[PDB]
Amino acid sequence: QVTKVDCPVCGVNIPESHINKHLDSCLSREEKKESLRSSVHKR
Amino acid sequence: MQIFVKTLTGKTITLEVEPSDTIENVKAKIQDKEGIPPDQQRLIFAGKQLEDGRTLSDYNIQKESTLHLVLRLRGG
Ligand SMILES: [Zn+2]
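Protein chains in written order, with the UniProt record's numbering: chain C, 198 to 240; chain D, 1 to 76.
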């Protein structure tokens, strides 16, 4: 079955199957813009 | 508090949950209403996902809010 759904993060036309991967990327950007923090200096 | 959830398909479901209730708890509530496994359901608010180990109050969610529901078939 072929279907499409908009992204609630960025609003982009993407299939319901490729949306899962897209969410993984779309969300990654959100973590990029935000400041980076590390509990331990080593890691 | 009474909140609303809107799926990508356009369907609308009104769900009653408390701020003290965890996200993982919310999914189970949905299971009964939508009949869909909690694992196969992911919620997004303001563009970011909701951590199962977090609570609604922790996300600054007030009374009557619209959440986004997405379905994750399989990761292959
Ligand atoms: Zn997106």
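Cβ atoms here follow ideal geometry from the backbone N, Cα and C, with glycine treated the same way.
Inset, instruction - For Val209 of chain C, verify whether its CB is less than 6 Å away from any heavy atom of ligand 1. - result: Of the heavy atoms belonging to ligand 1, at least one sits nearer than 6 Å to the Cβ of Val209 of chain C.
Legend entry - Sequence ranges, beta strand (DSSP E) only - wholly within the region 2 to 54 of chain D, length at least 3: List check, beta strand (DSSP E) in window: 2 to 7, 12 to 16, 41 to 45.
Legend entry - Contacting residues, own chain, Cβ-Cβ under 8 Å from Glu213 of chain C (five flanking each side not counted): Excluding positions up to five away in sequence, the list reads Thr200, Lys201, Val202.
Inset, instruction - Closer than 8 Å by beta-carbon distance: list the chain C residues that pair up with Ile36 of chain D, in chain order. - result: Going along chain C, no residue has its Cβ under 8 Å from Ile36 of chain D, so there is no contact; the nearest lies around 14 Å.
Legend entry - Neighbourhood of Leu50 of chain D by C-beta, 6 Å cutoff - its chain only, sequence neighbours within 5 removed: Hits under 6 Å: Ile23, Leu43.
Legend entry - Chain-order list of residues whose beta-carbon lies under 6 Å from that of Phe4 of chain D (same chain, five-residue window excluded): Only residues of its own chain outside the window of five on either side were considered, and among them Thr14, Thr66 have a CB closer than 6 Å to the CB of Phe4 of chain D, listed in chain order.
Inset, instruction - Could you work out which residues of chain C lie near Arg72 of chain D, taking near to mean beta carbons separated by less than 8 Å? - result: By Cβ distance, chain C contributes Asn217.
Inset, instruction - Can you grab the Cα-Cα spacing for the pair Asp39 of chain D / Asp21 of chain D, in whole Å? - result: One C-alpha to the other measures close to 17 Å.
Inset, instruction - Please name the residue or residues paired with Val202 of chain C in a DSSP beta bridge. - result: Beta-bridge pairing links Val202 of chain C to C:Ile211.
Inset, instruction - Could you tell me the distance, in whole angstroms, from the CA atom of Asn60 of chain D to the CA atom of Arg54 of chain D? - result: Here the alpha carbon of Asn60 of chain D sits roughly 11 Å from the alpha carbon of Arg54 of chain D.
Legend entry - Simplified DSSP state of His68 of chain D, which is helix, strand or coil: Secondary structure at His68 of chain D: strand, using DSSP grouped into helix, strand and coil.
Inset, instruction - From the DSSP output, in three-state form, read off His219 of chain C for me. - result: Reduced to three states, the DSSP call for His219 of chain C is helix.
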